[PDB]
Every structure is written in C-alpha cells, then in structure tokens.
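Data first, discussion second: the structure below is written as structure tokens.
Here the Cβ is made from the backbone with ideal geometry for all residues, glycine too, and neighbour counts use every protein chain on show. Taken together, the values in this text are just the output of simple stated rules run on the coordinates, not laboratory data.
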Amino acid sequence: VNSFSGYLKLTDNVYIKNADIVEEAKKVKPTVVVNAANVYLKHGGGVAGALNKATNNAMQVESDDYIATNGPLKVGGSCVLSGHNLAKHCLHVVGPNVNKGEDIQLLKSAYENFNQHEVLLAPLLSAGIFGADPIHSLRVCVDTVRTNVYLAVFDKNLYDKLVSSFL
Ligand SMILES: O=C(O)[C@@H]1C[C@H]2CC[C@@H]1CN(c1ncnc3nc[nH]c13)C2
C-alpha cells in the first residue's frame, strides 16, 4: 500500500491521474519524482521549469554544479539528484525532443531509467513542449516500465483522451 490517491489503474504497474505534478509531489512526498529534463539540466519551462520554480531555484543550482562536474547527460539518459522540498530524490530523465530533431526511438531508452526505482511519480516523457505524441509516450511507458509508475497529466482534456484511447 502507498499514499497515491485518485489514480486510474491502466495495467498491473501503471497508474494515471489528471494532476499537477508539482502539487502531487508536494502532497505525497514520493521517494522519486521524475523530471522531464534536457541534457544540460536547464529547467526553463514545461515540467522542469515548474518543478524548479517550486524548489525556489534550488534544483537549478544543484543541477548547474552537477553539469560543471559531469558534463551533459545523454538523450535517453538520466541522473539522480535531490528531490528538495518535493520528494526524496528527483530522477532527471532526458526524453528525445522532437522540436530538436531527436530520434523518437530513444523514448524507450528514456523510460528504461524508471526500472531502477521501485515506485515513481512521473510525467509522460517527451510530451508537452518536447513535441512527441502523448498517446505514443503512454504506450511506450506501459510497454517499457515494469516498476510502479504514477503518471500525472496536467491537461484535463489530454488526460481524458489518453484514458479513452488506451488499449
Ligand atoms: O501533462 C500534460 O498536461 C502535458 C504532457 C507533458 C508535456 C506538456 C503537458 C505538460 N507537461 C507538464 N507541465 C507542467 N506540469 C506538469 N505536471 C504534469 N505534467 C506536466 C507534461
């Protein structure tokens, strides 16, 4: 039993809710919140900008030190950093950005990072400003992630479409 509430069960291990991931993280304090990161960990907008804003920019300060030490992430890769006031840990995962011409096949590699964590609160990777089809992203998630994932979808219209079209 865990503290996630109000989710629709899609599969054995994938759950979904119309929710603001920032507000959901603030209430649940999950072990792991996933950020929709880019390779530079520049958290300017979308989910990343919202999460970072909720940390009062502490996420960005920590991220800048990480990059200065380690260099950029790979598209499809991840790193574990602090969850600040939102979660124990933040798993920064880089899905391909279609608006940058990155290969969508890398979306499966991106979701594989979730399998290193037993339970996660997450957005749909490569959705929103990353330009991928969220229906496709959900399919890859379900077919790739084997650990327990609680997906937060900000847009109510999109949430209803994801549920209604789910096979
Ligand atoms: O989930 C959505 O509605 C869409 C799919 C992804 C890209 C575009 C939007 C928003 N984006 C998000 N942006 C900011 N906070 C969020 N909390 C959950 N998801 C959030 C996620």
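Quickly rank 113-124, 92-103 as a protection proxy: mean count of other C-beta atoms within 10 Å, highest first.
Per-residue mean Cβ counts within 10 Å order the peptides as 113-124, 92-103.
Going toward the positive end of the dipole of region 45-156, with +1 on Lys and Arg Cβ and -1 on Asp and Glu Cβ, which of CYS90, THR69, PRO134 do you reach last?
Farthest towards the positive pole: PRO134.
Would you please state the base-10 log of I(q)/I(0) at q = 0.18, 0.21, 0.30 1/Å for region 97-156, with intensities from the Debye formula using one equal scatterer on every alpha carbon?
One equal scatterer on each Cα of region 97-156 leads to -0.59, -0.79, -1.36.
When the chain is modelled as a GNM with alpha-carbon springs shorter than 10 Å, which of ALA36, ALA54, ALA110 fluctuates the most?
Top of the fluctuation ranking is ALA54.
If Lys and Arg each add +1 and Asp and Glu each add -1, what is the summed charge of the other residues whose beta carbon sits under 13 Å from the beta carbon of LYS53?
With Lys, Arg at +1 and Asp, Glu at -1, the neighbours total -1.
I want the antiparallel fraction of DSSP beta bridges within the chain, as a percent rounded to 5.
Of those bridges, close to 30 percent are antiparallel.
Taking the convex hull of the alpha carbon atoms in region 7-46, what volume per residue do you get, in Å³?
Dividing the Cα hull volume of region 7-46 by its residue count gives 112 Å³.
Please compute the net charge surrounding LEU151, taking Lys and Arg as +1 and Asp and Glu as -1 over other residues with Cβ under 12 Å from its Cβ.
Every neighbour counted, the sum reads +1.
Multiply the residue separation of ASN157 and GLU23 by 0.36 nm, subtract the distance between their alpha-carbon atoms, and state the gained length in nm to one decimal.
46.4 nm
Quickly work out the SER165-to-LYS42 label distance, labels modelled 7 Å from Cα along the C-beta direction, and quote it in nm with one decimal.
The modelled label-to-label distance comes out at 3.1 nm.
Would you mind estimating how fast the chain diffuses translationally, via Stokes-Einstein at 37 °C and 0.692 mPa s with the Kirkwood radius over Cα pairs, in µm²/s?
The estimated diffusion coefficient comes to 211 µm²/s.
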